[PDB]
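# Structural overview
For reference, the chains in residue letters:
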Amino acid sequence: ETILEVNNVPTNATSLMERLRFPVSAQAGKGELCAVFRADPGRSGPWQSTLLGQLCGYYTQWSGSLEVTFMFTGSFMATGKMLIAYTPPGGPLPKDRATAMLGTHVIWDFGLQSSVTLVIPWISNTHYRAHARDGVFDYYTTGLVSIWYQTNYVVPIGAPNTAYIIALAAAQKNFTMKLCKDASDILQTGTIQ
Amino acid sequence: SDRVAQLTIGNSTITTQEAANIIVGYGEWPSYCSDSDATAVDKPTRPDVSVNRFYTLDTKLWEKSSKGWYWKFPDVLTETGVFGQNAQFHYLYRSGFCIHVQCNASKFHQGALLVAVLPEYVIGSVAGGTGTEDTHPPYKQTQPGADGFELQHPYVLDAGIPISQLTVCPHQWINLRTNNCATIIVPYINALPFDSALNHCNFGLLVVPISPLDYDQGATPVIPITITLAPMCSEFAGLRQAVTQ
Amino acid sequence: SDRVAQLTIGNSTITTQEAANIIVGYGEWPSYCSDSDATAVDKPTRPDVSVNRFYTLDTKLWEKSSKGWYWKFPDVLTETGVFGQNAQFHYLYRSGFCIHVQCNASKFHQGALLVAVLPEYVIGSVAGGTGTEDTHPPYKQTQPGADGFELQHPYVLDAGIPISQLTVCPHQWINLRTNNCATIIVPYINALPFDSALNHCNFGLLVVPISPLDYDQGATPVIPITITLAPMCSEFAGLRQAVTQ
Amino acid sequence: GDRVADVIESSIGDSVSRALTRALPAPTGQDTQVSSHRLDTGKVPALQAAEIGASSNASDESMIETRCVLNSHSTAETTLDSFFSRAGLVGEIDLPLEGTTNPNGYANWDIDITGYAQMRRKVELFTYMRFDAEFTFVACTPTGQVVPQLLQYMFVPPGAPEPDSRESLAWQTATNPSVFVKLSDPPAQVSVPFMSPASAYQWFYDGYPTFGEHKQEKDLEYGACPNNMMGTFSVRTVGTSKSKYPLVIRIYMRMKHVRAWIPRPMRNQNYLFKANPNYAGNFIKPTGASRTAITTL
Amino acid sequence: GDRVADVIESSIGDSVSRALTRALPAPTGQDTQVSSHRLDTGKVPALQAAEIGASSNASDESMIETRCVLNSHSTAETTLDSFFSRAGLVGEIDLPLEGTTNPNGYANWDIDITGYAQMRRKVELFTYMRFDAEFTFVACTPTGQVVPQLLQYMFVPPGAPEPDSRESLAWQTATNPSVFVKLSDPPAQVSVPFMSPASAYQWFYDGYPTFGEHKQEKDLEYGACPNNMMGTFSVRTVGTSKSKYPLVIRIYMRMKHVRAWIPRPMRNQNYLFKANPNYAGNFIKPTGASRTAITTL
Ligand SMILES: CCCCCCCCCCCCC/C=C/[C@H](O)[C@H](N)CO
Ligand SMILES: CCCCCCCCCCCCC/C=C/[C@H](O)[C@H](N)CO
């Protein structure tokens, strides 16, 4: 397990901390969206920060998928339900909570859960990249994961308003990396005496 | 089934943890059900799955000025709701149900609800002077939506039936004091062996807050109410119309 | 199945009687088929029935000036045809087929057809000067419709492949002289274990009249051609997209 | 060849058990001890007790038979038939010598319950019922004086046409059962079987040869004036012409073989119409006689 | 609880049989009589005959071994490998001292078959194939004179970046295998494994890290000039500067472990482009050398 950044909005130095966790405060609580992302390990964004993406940056046959984990930091008296849904590849993200409810999904809660481990399936149908030359094909797509406010964030009078959900990342013993290729980076400064 | 399929979220607004609250009476899906008989040249069939999972329609909010809400069946099984892909084609329908109601609140709130299922719940409308003996039964009221509809006069149940004697039907007492769970099972209830996909609406679900919701200022002023259902043993068949292909 | 379901008609334009013409080689539905393997985080499922019956798309007419027609798969399984209710949602597809071609004519007509199934039949278009190396493969030609499309130059097969050596693929000789039946079975043919619902079109069906149709004046000038198919062992699964509910 | 199959919905284990016939209760239980009996010992006052069991002179001994009352009367006047005991005056058909009510002798009537609001109240505690029926007819002058005259009764099954005039051949017919009796004779006791097209009485689409139910597009629930074609009645005065005396006929309906299903809360509002349980939504009233305060009576 | 289930699609009976190992043929058949042998007896002329059987010196006796030819040569030069026997000159990379073709020493080349129309014709009789590969390299001056110089070869796996300039660090790398040899040394024999991402060679969406296949919306099958990123090659001249001699390098590809599937009719039109088998639809030609008449040759 390695913690995963999703709220990767800040780009300064002091505010570097909250790249890791995101708020679940109680302003709107019926049908809006929290955050979405992709499932591409070694391209950009979230998985680039964990160790799985770092190891994916050394091969060509990757998955960047499978189980994740969410740990809640509500004080002790916070209740509420979150909707977690996964969209298979080659599909649009649902425009409402009802559409996302269909397919595959799970309803979280804050009573006594403090954890949840959704798992991603693995499917291979199309051709990743069959470029005989570069600059002619730009056809890439992947499934997505979304978080929906099911119910508003209940709280007794006296407890704080904003909490923070953290996210984890891991895999299991099904998928493997392949085709050892040389990694290309910019982790240099030229002046290395 | 399980807890996942398309909808995988298992955490509502309070984002609760520490197991679940069900309190089972029966022994883990007590067997299948019957097929009955008929008296005509018609015969139905079964759709098996894709209706065997769970469903969670929209959450209605409880406030101090609340009066209560009701639902009609199988109105929410149709396109008026999440489903609607195998509900408006066929002609015959029959199913059991596994209805589960989950509420949530802190330890500082007070109030108590009441769930009840009334078979053949035919509303007598608001009435009060709208003189109608038999001209045209309404469709804009008896089928409000998957959201339900707030009651007008709960004491007379908006039909003239007293609320006091409601507990004759199966019922549970949603009490904010101790628990938050409500699991009920409703078998098929109809005079005819099989029902239609039309204005022969089956039982209706009633939820009335008897003990009013109250609290102190500064806390959360609204308590959400979740509704889940599971259509045990459903069927779908029957169709014949104009030009076919 | 059987011969009835929704479509119950069993009498075409000539309104024939006296049994049927099939000429079976195999032993009455020779068992099920496999499931194969995969190399990713995806896995399909099965729809069982509602695709197990027969289907009879539109009848194209044979005339003296005919040139031949072709079809693409599974283009006719989609909404482009009778089906289309469980074809555009999922992602994976694979099935066998039971294709039966039934023609009909009097004893005074002459001519002979040729059926053949060409796997991975990628058309090279009309070409002839339309210089295209790799810019944009067409969609208005490779997917004409459930009616098929008349060929331009059958001798070169509108792709540059000679028609003479066609019989390498499975084929039967529709001969107006003696019989009128044509039953063929095509198993799944694809490099990858499972196909997509997109531009990875499977085998294409070819029908070319080699012996020209002819007759004497006063008789029927057009001979109909029936097309029937039966998707043995089909599957459907796979879906993930934008906002879900 | 086949790759998909899933039903489940089953449970295995202690479904049923042995087959016996032992309809006699026996001594059950005895006693069990808990703790020190005290009033304000700290946790809860007003503690409990238990017994063993006995069932009249059948179970255990029969040495003494000391019932509460020395056999005053029967103790089962509570069943469904017991509830539906009397036969109320439902029909009050009136035949004048001349006038506007029924000038041409004929008089059409149909079975219903809304004629008596009390009867409707008593009968609408349930949803589904299944009962037989009986009828008795008494004819008298308004001053109560028997006269020599013959009468014709006939039952009309659902969906049969309506005899309007005395000259209507429907009076003749062959299929509609008819009854002839002089009024000086004793009343005409008769029975009516279970005529519903389903397993319980319930309206909506049940009448008319045409369609029905809610949201009409192909049918009217009017059928002219006789709405909801069902079991009705007809009555004439036997004769090629009018009669010589005024008549006041009466009906007496009585259920028999009564079976109910699915009880529901009875009612707490005044009835308004037929086949549409509306209420005074602006004149809603309480139920019991309210008192002044709660602390005092 | 469960009411629907149906798969079928099965057949029962004579599926399989006994397990033996008897790879030796035996005398089969003999004779059977039909009728009176005549020429124009009325129904059909030119009647038939039959034999029994024998298989070389293995089956039946081995008393005399009289083959058709007294062991001239081998009789199996028809297999797939036999067909794909030679190694044709596929690559003809040319390196001048100065000019416009390859001024900066570097020269990029990629594997393909359209370089030889005859090779493409021979290889496109099937749909699916699976074979290994080998390569040999010969370097000579245009006048054919060996010179003292060192060369650098390297293979580039699919999806790897393109080394454009001599100063590109991709020349250095660590993951791209490289080969160093002086040209005076014997040629550089080498092998290449099966690098396809599926079980057979077939284009469409197989290249580029991005999308592909037909009807592009998210990808270009261009990748600049190197379309269809796949197994390519690179070659430099070893040195911090230019070289002193012109060079003419050559390639020799050779299949090995060849397996085909799904034969198709070969071709009857001239090739036009790459990855798009168009044809001269207005200049369609016949196939064989036509003669004048049919009655005569
Ligand atoms: C169309 C009239 C009723 C409209 C619906 C209101 C309530 C629906 C259920 C009760 C009405 C039909 C079921 C039977 C009730 C009474 O027992 C019958 N009248 C028996 O005579
Ligand atoms: C995109 C280029 C081909 C377009 C489709 C035309 C025919 C499709 C099937 C043949 C092309 C791919 C299958 C392999 C054919 C040849 O054997 C390969 N080039 C082997 O090198």
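cryo-EM is the method the PDB entry lists for this structure, together with a resolution of 4.2 Å.

Going by what the PDB entry lists, chain D is known as VP1 and is assigned to Human enterovirus 71.

Chain B carries the name VP2 in the PDB entry, which gives Human enterovirus 71 as its organism.

Before going further, it helps to examine the overall build of chain D. A count of helices and strands for chain D gives 3 helices and 8 strands. Here chain D has a C-alpha radius of gyration of 30 Å; the compact-globule value for 297 residues is 19 Å, and the former is much larger. With the C-alpha coordinates aligned to their principal axes, the bounding extent of chain D is approximately 95 × 80 × 55 Å. Across the 297 residues that make up chain D, the buried fraction comes to 26%.

Before going further, it helps to examine the sheet that holds strand 1 (residues 94-95) of chain D. Residue and element names in this part refer to chain D. The 4 strands are arranged 1-8-3-6 in an open sheet whose pairing can be described as antiparallel. The outermost strands of the open sheet, each flanked by one partner alone, are strand 1 and strand 6 (190-192). Direction of pairing for strand 3 (residues 128-140) relative to strand 8 (residues 247-261): antiparallel, over a ladder of 12 bridges. Directly across from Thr 136, in strand 8, lies its bridge partner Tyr 252.

To continue, consider the site of ligand 2. Around ligand 2 lies a shell formed by C:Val122, E:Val123, E:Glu124, E:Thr127, E:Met129, E:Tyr201, E:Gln202, E:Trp203, E:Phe204 and E:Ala275. More than one chain reaches ligand 2: the nearby residues come from chains C and E. For ligand 2, a nitrogen atom lies 3.5 Å from a polar atom in the side chain of E:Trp203. Protein burial of ligand 2: of its 550 Å² of free accessible surface, 88% is covered by the chains. For the shell around ligand 2, a count of residues per class yields 7 nonpolar, 2 polar and 1 charged.

Attention now goes to the interface of chain B and chain D. With 43 residues of chain B at the interface, the matching set in chain D holds 34 residues. Here chain B and chain D share an interface that buries about 3500 Å² over both sides, 55% of which is from carbon and sulfur atoms. For the chain B face of the interface with chain D, the top three residues by lost area are B:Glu133, B:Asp134 and B:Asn199, together amounting to 14%. In this assembly, chain B and chain D are joined by 0 salt bridges. Taken together, the connections running from chain B to chain D amount to 14 residue pairs in polar contact. Residue classes in the side of chain B that touches chain D are distributed as 23 nonpolar, 15 polar and 5 charged.

Next up on the list: the site of ligand 1. Every residue near ligand 1 is listed here: B:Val122, D:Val123, D:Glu124, D:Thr127, D:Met129, D:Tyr201, D:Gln202, D:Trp203, D:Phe204 and D:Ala275. Looking at what sits near ligand 1, you find residues from chains B and D. In the model, a nitrogen atom of ligand 1 is placed 3.5 Å from a nitrogen or oxygen of the D:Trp203 side chain. When the free accessible area of ligand 1 is taken as 550 Å², the share hidden by the protein chains comes to 88%. The residue inventory of the shell around ligand 1, partitioned by class, reads 7 nonpolar, 2 polar and 1 charged.

Next up on the list: the arrangement of the chains. Contacts are most numerous, across the 9 pairs of chains in contact, for chains A and B. There is a clear gap between chain A and chain D: no contact, and 18 Å between their nearest C-alpha atoms.

Below, the discussion takes up the side chain of A:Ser65. With respect to the element layout, A:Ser65 can be found in the loop between helix 1 (51-56) and strand 3 (70-72). Here the side chain of A:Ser65 touches A:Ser63 through a polar contact of 2.5 Å, side chain to side chain.

We now examine the pattern of salt bridges. Overall, the coordinates contain 18 salt bridges over all chains when judged by the stated rule. Measuring nitrogen to oxygen at the nearest pair gives 3.3 Å for the salt bridge that ties D:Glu65 to D:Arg67. Across the pair E:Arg254 and E:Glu134 runs a salt bridge, and its minimum N-O distance is 3.8 Å. On the criterion of sequence distance, the pair formed by E:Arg254 in strand 9 (residues 247-261) and E:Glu134 in strand 3 (residues 128-140) is long-range, its members being 120 residues apart.

With that settled, consider the pairing of strand 8 (residues 232-237) of chain E. All names here are of chain E. Buried residues dominate strand 8, accounting for 6 of its 6 residues. Of the two faces of strand 8, the one holding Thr 232, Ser 234 and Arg 236 and the one holding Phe 233, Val 235 and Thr 237 are both buried throughout. Examined bridge by bridge, strand 4 (residues 150-156) and strand 8 share 6 bridges and lie antiparallel to one another. Considered in strand 8, the bridge of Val 156 is made with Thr 232.

Next up on the list: the nonpolar core. A:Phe70, A:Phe72, A:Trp108, A:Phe110, A:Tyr153 and A:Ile165 are the most contacted members of the largest nonpolar core, which has 37 residues in total. Counting residues per element, the ones that place at least two in this core are strand 3, strand 4 (80-87), strand 6 (104-112), strand 8 (144-149) and strand 9 (164-167) of chain A together with strand 1 (7-18) of chain B. With 5 residues, strand 4 of chain A is the largest single contributor of residues to this core. Apart from residues lying up to four places away in sequence, A:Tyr153 is in contact with A:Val24, A:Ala26, A:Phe72, A:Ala78, A:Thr79, A:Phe110, A:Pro160, A:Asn161, A:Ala163, B:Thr13, B:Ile14 and B:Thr220. Membership of the second largest hydrophobic core comes to 35 residues, among which are B:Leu7, B:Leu57, B:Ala87 and B:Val101.

With that settled, consider the interface of chain B and chain A. In this assembly, 41 residues from chain B lie in contact with 43 residues from chain A. A combined buried area of about 3200 Å² lies between chain B and chain A, and 56% of that area is made up of carbon and sulfur atoms. Our count for the contact surface shared by chain B and chain A stands at 1 salt bridge. At the boundary of chain B with chain A, the tally comes to 63 residue pairs in polar contact. Those elements giving two or more residues to the side of chain B that touches chain A turn out to be strand 1, strand 2 (55-56), strand 3 (60-62) and strand 15 (223-229) of chain B. Considering every element that reaches the side of chain B that touches chain A, the biggest residue donor is strand 1 of chain B, with 12 residues.

What counts and how
- Sequence positions are given from 1 along each chain as written, possibly unlike the numbering in the entry, and residues without coordinates are left off.
- Both sets of labels track the order of writing: A upward for chains, 1 upward for ligands.
- Each value given relates to the chains shown, not to the larger assembly they are part of.
- Values reported for side chains reflect all heavy atoms of the structure, with hydrogen atoms and water molecules removed beforehand.
- For the purposes of this entry, the term helix denotes a DSSP run of H or I that reaches at least four residues, the term strand denotes a run of E that reaches at least two, and both are numbered from the N terminus.
- To get the radius of gyration, use the C-alpha atoms; to get the globule rule, take the number of residues to the power 0.38 and multiply by 2.2 Å.
- Whether a residue is buried, partly exposed or exposed follows from its accessible area with a 1.4 Å probe, protein chains only, as a fraction of its type maximum: under 20%, in between, or over 50%, in that order.
- At least two DSSP bridges between two strands are required for those strands to pair.
- In this text, near means that some heavy atom of the residue lies within 4 Å of the molecule or strand in question.
- What qualifies as a polar contact is a pair of N or O atoms within 3.5 Å, subject to a donor-acceptor requirement within protein and to the restriction that residues adjacent in sequence count only when both atoms come from side chains.
- With residues, only the protein chains shown are counted as cover, and all accessible areas are computed by Shrake-Rupley using a 1.4 Å probe.
- Note on residue categories: nonpolar means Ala, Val, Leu, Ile, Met, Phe, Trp, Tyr, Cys or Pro, charged means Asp, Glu, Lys or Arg, and polar means any other residue, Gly included.
- Note on contacts: a residue pair is in contact if any heavy atoms of the two residues lie within 4.5 Å.
- Two parts lose some accessible area (1.4 Å probe) when they are put together, and adding that loss for both gives the buried area.
- Definition used for salt bridges: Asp or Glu carboxyl oxygen within 4 Å of a side-chain nitrogen of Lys or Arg.
- We define the nonpolar core as a collection of buried residues of types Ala, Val, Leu, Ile, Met, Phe, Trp, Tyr and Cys that are connected through side-chain atoms lying within 4.5 Å of one another.

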